[PDB]
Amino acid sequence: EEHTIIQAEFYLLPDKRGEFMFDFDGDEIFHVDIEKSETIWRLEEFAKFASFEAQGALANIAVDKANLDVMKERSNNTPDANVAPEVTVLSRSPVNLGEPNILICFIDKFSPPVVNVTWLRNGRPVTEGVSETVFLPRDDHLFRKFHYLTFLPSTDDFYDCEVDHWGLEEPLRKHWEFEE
């Protein structure tokens, strides 16, 4: 057996956002909804085999809230550069006209862990039939993140994944169209 169990958490600023989550062999097992103080399984099925007390994680984050204030003064002019993300868009499963599929917009190697992603269908903002994962950890100090969009394959329509990040000059835009 060769397995990995990662527990990642963090707090950001100015954004004032925190995260807490578990990873098993590169996949998310679940994370904790800071706001809603609840556990979110990455797959429904997972709930029936385990349980977690979210206030615990919230505690940790409070910890990290404070810690960050310390770290800011401790460094004195420590801030600096960031890491722009690499984006890739592709179909989740073989594409067959008429057969509903999913587009995956995969955001890689970046930090701080915060992005503005937008799905574009024929240049139009799609907000229905979309989903996203929290920020996932990598072997290093940067993050990864998935975005999804359900769609109906067509030979005449085109899609774009628009990602915005501090490390970007202007919004990034990955294109994707069907090909038989």
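Whichever C-alpha set is largest while still superposing within 1.5 Å between the two forms counts as the rigid core. One rule holds for the numbers: they count along the sequence shown, beginning at 1.
In summary, of the stretches 88 to 96 and 74 to 82, 74 to 82 shows the greater Cα distance from the shown form in 4 other deposited structures of this protein, with structures fitted on the rigid core. Taking the PDB entry as given, 54 to 62 carries the higher mean Cα B factor of the two stretches 54 to 62 and 114 to 122.
Of the two segments examined, 97 to 105 and 67 to 75, it is 67 to 75 that shows the higher average Cα temperature factor in the deposited entry.
When the C-alpha B-factors of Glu128, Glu132, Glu35, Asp27 are ranked from the entry, the top spot goes to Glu35.
The top Cα temperature factor in the record, among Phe151, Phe143, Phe46, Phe146, falls on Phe46. Among the modelled residues of the chain, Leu168 sits in the highest third by CA temperature factor in this PDB entry. Among the modelled residues of the chain, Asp15 sits in the highest third by CA temperature factor in this PDB entry. Sort the chain's modelled residues by C-alpha temperature factor and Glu162 lands in the lowest third, per the entry. Per-chain ranking of the deposited C-alpha B factor places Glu9 in the lowest third.
For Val83, the recorded CA temperature factor ranks within the middle third of the chain's modelled residues.
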